[PDB]
Structure formats: structure tokens, C-alpha cells
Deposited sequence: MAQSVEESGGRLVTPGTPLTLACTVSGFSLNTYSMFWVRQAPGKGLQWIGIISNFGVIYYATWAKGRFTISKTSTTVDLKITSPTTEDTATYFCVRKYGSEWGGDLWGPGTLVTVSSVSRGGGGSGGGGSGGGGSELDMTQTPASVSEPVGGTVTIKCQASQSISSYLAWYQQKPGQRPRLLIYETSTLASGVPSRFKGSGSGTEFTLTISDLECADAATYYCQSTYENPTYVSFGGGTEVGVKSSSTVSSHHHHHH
């Protein structure tokens, strides 16, 4: 069995550095690359950085200076250099999937409470359709990102789930009702024959392997009309 688990989440005062850990089970860090993603309470997903299986690190432009990623044979660590109230979030470590900076294996996340460039436009912010109807989600990239785009599903209080990678390739266990289309600067997720079980927040991610390119869209809350 293959899984990932974060630990280290705590209440911290501003400026006091802390390190989160991510333990892996059923696979080796010498074979796989791991990345960190955070989510401020009730907000969107935000890509931090990645450590390759050979130890090469890349941070998203915003994250550079603010964090330090390190690894042992078993654990990947995330040090928050000088935490601020803006660093309050659920931190997830994720196993890299495929050829880009997308990921299929997520941990449940660990909570940090701090208390005393490519732009992805995702539309609409919220939408409901009838049962059996079709939902359409648009993602516009401010620069051409070719086919390096992933789609995720996140149910309230749950970890994100990979639906689609490479624009249109379905991840395992994903029903064909989910269709990814587009290329360049314009992308769509279509969810046909809508079910009450599809009610979740969906996110697009620029997966291109470059610090200035990797980014999540703001998300779309999808509901079903009763």
C-alpha cells in the first residue's frame, strides 16, 4: 500500500521558524519526487516547491526565501523560515505524477496556525446545474502552457484528488463524465451527467516544470440543483 502523511502542524508565533515533516509508506524517495502545497482556511490551493528524487529543489517564485525543503531516505521536510499570519494553512505533501509538476498521491494535510509570472484565471467562482446536466469550468493561462495542465477535485475538509493530467488524460478511477479539453492559454473541464456526488471545488493547475509557470487557479465550487 502507498501513502503519504504530514506531521509537525502547530500553533506558532510570527517569526518563530518551524519544520513540517512528511513520511512516506510503500515507495522510496530515491525513486520519487515530492512537492508541498498549502491551503489557507477556506481559500485556494497554492504550490510551494518540489524536491526531486536526486535532491534538486525548485520553489514557486512567491515561495523563494520563505521556505526550505530538505529530505532524508524516509522523510521530506518543509521549514517555514519566518512565519507570518499569512502562512496560516493546511500544508500537504504530494507525490509527483507523470512528466510535470502535478501529483496523484496526497497526504491528509497538517495544520499550521500563525498567531500572536504565469497567472491562471479560473471561471466561474461558483455554479450549480441540475442532476444529469453539464458543468463547464474555464481556465485561462496568461502565457501559453501547451498541454501542461491538471484538474483536481476537493470535497470539504478532504484532500485534493487528481482527475486529469496532460489537459485530457484521466487519472485512474476517474469516470469518463469528466472531460478535459483546450491547449495553449484556454482550457476547460466538462463534467457531464452531473451527480450530487460531484458537488466539490475543482481546481486547474499549470503543471509546467518552471518556478514562474507552476500555479493553481482560484477554484470553482460546483453544486447540483435539488
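> Which parts of the deposited sequence lack C-alpha coordinates in this model? Number from residue 1, please.
Missing C-alpha atoms (numbering from 1) occur across the ranges 1, 118-135, 246-257.
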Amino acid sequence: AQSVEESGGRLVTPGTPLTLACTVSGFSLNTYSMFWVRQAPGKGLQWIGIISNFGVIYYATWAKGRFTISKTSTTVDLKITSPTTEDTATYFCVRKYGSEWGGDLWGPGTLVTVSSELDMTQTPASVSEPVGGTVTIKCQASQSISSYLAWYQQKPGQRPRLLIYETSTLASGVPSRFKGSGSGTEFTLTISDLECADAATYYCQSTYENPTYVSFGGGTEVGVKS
From here on, numbers count along this sequence of modelled residues.
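> Going by the B-factors listed in the PDB entry, is the mean over the C-alpha atoms higher for 84-92 or for 67-75?
67-75 has the higher mean C-alpha B-factor.
> Using the B-factors recorded in the PDB entry, average over the C-alpha atoms of 147-155 and of 117-125, then report which stretch comes out higher.
Mean CA B-factor is higher for 117-125.
> According to the deposited entry, which of 39, 185, 188, 201 has the largest Cα B-factor?
When the deposited C-alpha B-factors of 39, 185, 188, 201 are compared, 185 is largest.
> For the listed residues 160, 49, 44, 173, which one has the largest C-alpha B-factor as given in the deposited model?
That would be 173, according to the entry.
> Going by the recorded CA B-factors, say which third of the chain residue 30 sits in, lowest, middle or highest.
It belongs to the highest third of the chain when residues are ordered by C-alpha B-factor.
> Ranking every modelled residue in this chain by its Cα temperature factor as given in the entry, which third contains residue 97?
Highest third.
> Going by the entry, which third of its chain does the Cα temperature factor of residue 61 land in?
Its C-alpha B-factor belongs to the highest third of this chain's values.
> Place residue 4 in the lowest, middle or highest third of its chain's C-alpha B-factors, as listed in the PDB entry.
Its C-alpha B-factor, which the entry lists for residue 4, ranks in the middle third among residues of this chain.
> Ranked by Cα temperature factor within the chain, is residue 164 in the lowest third, the middle third or the highest third?
Ranked within chain, residue 164 CA B lands in the lowest tercile.
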